[PDB]
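Chemist: Provide a 3D model corresponding to the input given below.
(chains A, B, C, D, E and F, ligands or ions: 24)
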Amino acid sequence: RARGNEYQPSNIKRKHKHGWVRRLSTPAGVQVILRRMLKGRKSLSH
Amino acid sequence: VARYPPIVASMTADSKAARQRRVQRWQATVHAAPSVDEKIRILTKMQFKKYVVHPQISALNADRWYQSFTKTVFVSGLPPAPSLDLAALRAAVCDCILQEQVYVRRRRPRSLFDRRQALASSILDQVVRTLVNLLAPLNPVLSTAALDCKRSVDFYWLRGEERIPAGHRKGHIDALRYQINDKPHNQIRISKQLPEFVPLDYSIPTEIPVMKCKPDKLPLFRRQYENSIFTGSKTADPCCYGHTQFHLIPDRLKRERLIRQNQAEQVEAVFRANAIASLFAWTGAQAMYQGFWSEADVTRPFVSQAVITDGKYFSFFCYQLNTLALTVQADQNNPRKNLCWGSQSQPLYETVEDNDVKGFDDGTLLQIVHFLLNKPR
Amino acid sequence: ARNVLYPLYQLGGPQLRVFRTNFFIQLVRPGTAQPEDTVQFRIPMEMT
Amino acid sequence: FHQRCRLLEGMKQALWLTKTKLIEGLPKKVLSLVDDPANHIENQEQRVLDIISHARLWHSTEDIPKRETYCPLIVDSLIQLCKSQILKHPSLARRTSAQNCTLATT
RNA sequence: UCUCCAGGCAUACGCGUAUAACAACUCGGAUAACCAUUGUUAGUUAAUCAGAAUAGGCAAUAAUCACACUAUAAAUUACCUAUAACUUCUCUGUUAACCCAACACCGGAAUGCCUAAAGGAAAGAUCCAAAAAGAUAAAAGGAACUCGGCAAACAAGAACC
RNA sequence: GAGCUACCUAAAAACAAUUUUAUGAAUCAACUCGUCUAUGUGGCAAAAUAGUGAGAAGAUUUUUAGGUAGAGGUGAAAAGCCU
Ligand SMILES: [Mg+2]
Ligand SMILES: [Mg+2]
Ligand SMILES: [Mg+2]
Ligand SMILES: [Mg+2]
Ligand SMILES: [Mg+2]
Ligand SMILES: [Mg+2]
Ligand SMILES: [Mg+2]
Ligand SMILES: [Mg+2]
Ligand SMILES: [Mg+2]
Ligand SMILES: [Mg+2]
Ligand SMILES: [Mg+2]
Ligand SMILES: [Mg+2]
Ligand SMILES: [Mg+2]
Ligand SMILES: [Mg+2]
Ligand SMILES: [Mg+2]
Ligand SMILES: [Mg+2]
Ligand SMILES: [Mg+2]
Ligand SMILES: [Mg+2]
Ligand SMILES: [Mg+2]
Ligand SMILES: [Mg+2]
Ligand SMILES: [Mg+2]
Ligand SMILES: [Mg+2]
Ligand SMILES: [Mg+2]
Ligand SMILES: [Mg+2]
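Modeler: Numbers count the residues shown, from 1 in each chain, chains lettered A, B, ... in the order given. Ligands and ions are numbered 1, 2, ... in the order given. Find the structure here:
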């Protein structure tokens, strides 16, 4: 079949998988934010 | 002896003349449909986006807009033109007010915000039922009539056109669709039509209001859902005509709230708009039960009357349907117009103290009695 | 008023009064056609 | 005991609680009332058949109405048919009907 | 106006101003016209469409037009007891030719209604060479073609390992 | 990292007409799948198009939200699938 369209957008799924609240739930996710803040990212999370 | 071909536009071409010729092709399939179900099915099977008209509406000056959507002229007063123990009626109607407000013992509702409109519903329900059984001996028609409680009346029609302003359909010409969905508190349906209030083709100097803006500027919103024409019962029901509707105005539209909002001049306007919309749908739906539509306009004026109450004050309206040719095509050369007659609201009673109704007014009761006394000729 | 704290209200509390108002509004010419009675305004997003 | 209580033993339990004796069939006095042809209503069967049809089919815009709507409709419609007899028997104005009213005893 | 084609209108999800007018004619559309591009100004209006008090007590009897009818895979807050409060309309969604496929991609894309009243244009101009792709017709013969009846057929029947 | 895909949980949907019967039955749409040939091969497409075909009331198909994670997950085992 034709590939390349593995992305089926959904705002509920997106904010649940990669959102602010999700990232802070576990210590490893908090360190994801810490790295991005140190790097200077304009977007810490979705 | 030359058989020249008829000078008509082509059926298949992509033009305005050829489209108006494909319109008469399906319109002719209605003319040629034997049953009225097939006619209504054909006229309503295709769903398009339509303005939803609310007979009970909080929009300002909605009465004037409804006249324009309907082609109705509103005449103040009643239409131009047996003692039965009025005291007996007065006692019975007084009993109904006291019974629900005082004596009846029910489980009170769960929301304080609904205790009043439920009181108004029960008294107006009792009053209608009693006045239909005490007046029945004098008017035998009410004995065989059908009394409907909160049944739905539906009318769907086309009037006017506009140019679609945006998208792939920009510039196309589309009709302005309207539908009225109504649930009158009570209504009486008879199997014999009432007499007219004025001859068909009646002409008056008054002019129907002309609206500069779209229906949208008055808060009015469009949706696309099933198109239905309903009189309160299906076409198979023998009781296919209308006698009277009783409407209860919601608390949101009652006198005190409107005055607070500074729209005091709209107190009567609320009554007028409900009658025009409620009666136009009901008188129109009856006509299409008889096979009349925009391309076969009614031969007989269709008549119905309604009384609108906010629970204490009462107003009375009469409607005559002269025109179902409201579309731009079918309204091109129409001198007919629809008529509605209305009166100012008057109290039926003032308050209940102890176990006695106070301030009861006989004049309003007679008007209810006269409306329930009208019979077919 | 905007960018200010409103005192939390509980049963029986006083009326909320704003003596000096931070809301500034401008009257604009309608883009589409409106009834003669209707008037358009542009108002701060926190105004009700 | 409230409306949604369902007695396991049915009538037998109900009779015991109310200390009553059961007789099958309606009282003969009530039965003879409608046996008289004078009580017969005009077009009785045709009107009743229309009432059944109206309650089941013609009252709604739906294809198949549901019981939560036609079950109240049929009974009220029948009562109205029985209420038309004020043309023959007066003194049926000495009664009235109320809706959803509470009864209770101990 | 004519010729011809035949999935269209709504909602959900998604997108995020591509919406509309004007002015521009550089960039963008695989070219022009014109704009889907650039700049400026505007826009989507809802009490009905759509979104966002406490403590106890107790439930045998599907659905399928629910009647008949059997069945097997065994199948949807209510009603009561007490307590507490004793008149309310703010807030938010609403545009479009739109989304996922690097693209104005012959692909992917749920539901309701309807099947042409809605929506559309296969040819920039010309010329009719070869080779190549597709459709239709076939004198006489009828698998002699071919690894094989592959493909096609005015055929689409029968049998056996 | 399970918005693809494998499997699962919960809440929802769709199946006309015709014949059999009382059905993982039949013919055949919508829908699901992808048998054979041709075209295409930097293509419309990083797997399509056009025909021809298989299933089509079920172990069917589809929608939404959740679960299982690499020494692992899932698997009507193809060492398939896990952007
Ligand atoms: Mg990718
Ligand atoms: Mg998906
Ligand atoms: Mg534009
Ligand atoms: Mg321009
Ligand atoms: Mg622009
Ligand atoms: Mg809602
Ligand atoms: Mg829209
Ligand atoms: Mg390309
Ligand atoms: Mg068209
Ligand atoms: Mg072309
Ligand atoms: Mg050419
Ligand atoms: Mg051939
Ligand atoms: Mg030959
Ligand atoms: Mg050879
Ligand atoms: Mg051989
Ligand atoms: Mg072959
Ligand atoms: Mg998943
Ligand atoms: Mg079927
Ligand atoms: Mg089968
Ligand atoms: Mg098959
Ligand atoms: Mg088969
Ligand atoms: Mg599998
Ligand atoms: Mg193996
Ligand atoms: Mg991979």
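
Chemist: need the longest helix for chain D.
Modeler: helix D:67-83 (DSSP state H).

Chemist: in it, which residues are buried?
Modeler: By neighbour count with 16 or more other CB atoms under 10 Å in any protein chain shown, helix D:67-83 contains the buried residues D:70, D:73, D:74, D:77, D:80, D:81, D:83. Any C-beta I mention is one placed from the backbone N, CA and C, and that applies to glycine too.

Chemist: need those in a markdown table (columns: distance to chain C).
Modeler: Below are the buried residues of helix D:67-83 laid out as a markdown table (distance: CB to the nearest CB, whole Å):
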| residue | distance to chain C |
| --- | --- |
| D:70 | 45 |
| D:73 | 44 |
| D:74 | 49 |
| D:77 | 46 |
| D:80 | 47 |
| D:81 | 51 |
| D:83 | 50 |
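
Chemist: quick check, nearest of those to residue B:80?
Modeler: Each of the buried residues of helix D:67-83 was scored against residue B:80 by CB to CB, and residue D:80 proved nearest at 34.0 Å.

Chemist: kindly state the beta-bridge partners for the nearest residue to the closest one once chain neighbours are set aside.
Modeler: Of all residues not flanking residue D:80 in the chain, residue B:147 sits nearest, at 6.3 Å (CB to CB, 6 or more residues apart in numbering or on different chains). With DSSP bridges applied, residue B:147 shows beta-bridge pairing to residue B:188.

Chemist: residue 9: how many residues sit nearby?
Modeler: All of this refers to chain A. Neighbourhood size, residue A:9 [other CB atoms under 10 Å in any protein chain shown]: 6.

Chemist: try again with chain D
Modeler: Neighbours of residue D:9 under the rule other CB under 10 Å: 9.

Chemist: so how far is chain B from it?
Modeler: Applying CB to the nearest CB, to the nearest Å, the value for residue D:9 to chain B is 28 Å.

Chemist: and residue D:97, by the same measure?
Modeler: Distance of residue D:97 to chain B, computed by CB to the nearest CB: 8 Å.

Chemist: wait, a helix at that residue?
Modeler: No. Applying DSSP: H, G, I helix; E, B strand; the rest coil, one finds residue D:97 to be coil, outside a helix.

Chemist: list the residues that contact it.
Modeler: Contacts for residue D:97 (CB atoms under 8 Å, 6 or more residues apart in numbering or on different chains) come out as B:129, D:79.

Chemist: please apply the same query to residue B:149.
Modeler: Here residue B:149 is in contact with B:125, B:185, B:186, D:76 (CB under 8 Å, 6+ apart).

Chemist: kindly recompute the last result at 10 Å.
Modeler: B:121, B:125, B:128-129, B:183-187, B:246, D:72-73, D:76 (CB atoms under 10 Å, 6 or more residues apart in numbering or on different chains).

Chemist: make a markdown table from those residues and add distance to residue B:290 to it.
Modeler: As requested, those are exported to a markdown table (distance: CB to CB, whole Å):
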| residue | distance to residue B:290 |
| --- | --- |
| B:121 | 33 |
| B:125 | 30 |
| B:128 | 27 |
| B:129 | 29 |
| B:183 | 23 |
| B:184 | 21 |
| B:185 | 26 |
| B:186 | 24 |
| B:187 | 18 |
| B:246 | 24 |
| D:72 | 30 |
| D:73 | 25 |
| D:76 | 28 |
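
Chemist: what's the burial count for the closest residue to residue A:29 other than its chain neighbours?
Modeler: Excluding its sequence neighbours, the residue lying closest to residue A:29 (CB to CB, 6+ apart) is residue A:23, at 4.0 Å. The number of residues packed near residue A:23 is 18, by other CB under 10 Å.
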